[PDB]
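Side chains included, hydrogens not; waters and symmetry mates left out as well; all remaining heavy atoms used. Within every chain, numbering begins at 1; the chains are lettered A, B, ... in the order of the sequence lines, protein sequences first and strands thereafter.
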Amino acid sequence: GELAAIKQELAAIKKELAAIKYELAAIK
Amino acid sequence: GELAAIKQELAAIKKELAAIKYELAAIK
Amino acid sequence: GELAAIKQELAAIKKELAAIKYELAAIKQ
């Protein structure tokens, strides 16, 4: 599961970047 | 080695995502 | 290969985080 874990962590990071970019957008 | 290093890269990124989400939240 | 793909995904993420930190900095001013 070492490679599996890494791919799931990378997947998760895209949802966190999305969350953040929407909050930045709102401020502008 | 090169494979191992990916876990430290991920660690770094998760810490900075946390920081950023908290900083944005705090502002709003 | 698997390493190649992952290095590009990490690059991509650091570029987006960089952009965000600069944009956040600008806002706090």
Check your understanding: From A/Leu10 CG over to B/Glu9 CD, what is the distance, rounded to the nearest 0.5 angstrom?
Key -> 10.5 Å
**Study point:** Carboxylate-amine/guanidinium proximity below 4.0 Å for B/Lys14 and A/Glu16
**Key:** no
Point to revise | Min side-chain heavy-atom separation C/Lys7-C/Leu3 under 4.5 Å | key: yes
Review point. Could you give the distance from CD (B/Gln8) to CD1 (B/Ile6), rounded to the nearest 0.5 Å?
Key: 10.5 Å
Practice item. Starting at CD1 of B/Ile13, measure out to CG of A/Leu17 and round the result to the nearest 0.5 Å. Key: 9.0 Å
Review point. Is any side-chain heavy atom of C/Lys28 less than 4.5 Å from a side-chain heavy atom of B/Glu23?
Key: yes
Exercise for review: State the CD1-CD1 distance between B/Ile20 and A/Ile20, to the nearest 0.5 angstrom.
Suggested key: 5.0 Å
Study note, to complete from the structure: Separation between CD (C/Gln29) and CG (C/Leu24), nearest 0.5 Å, reads 12.0 Å
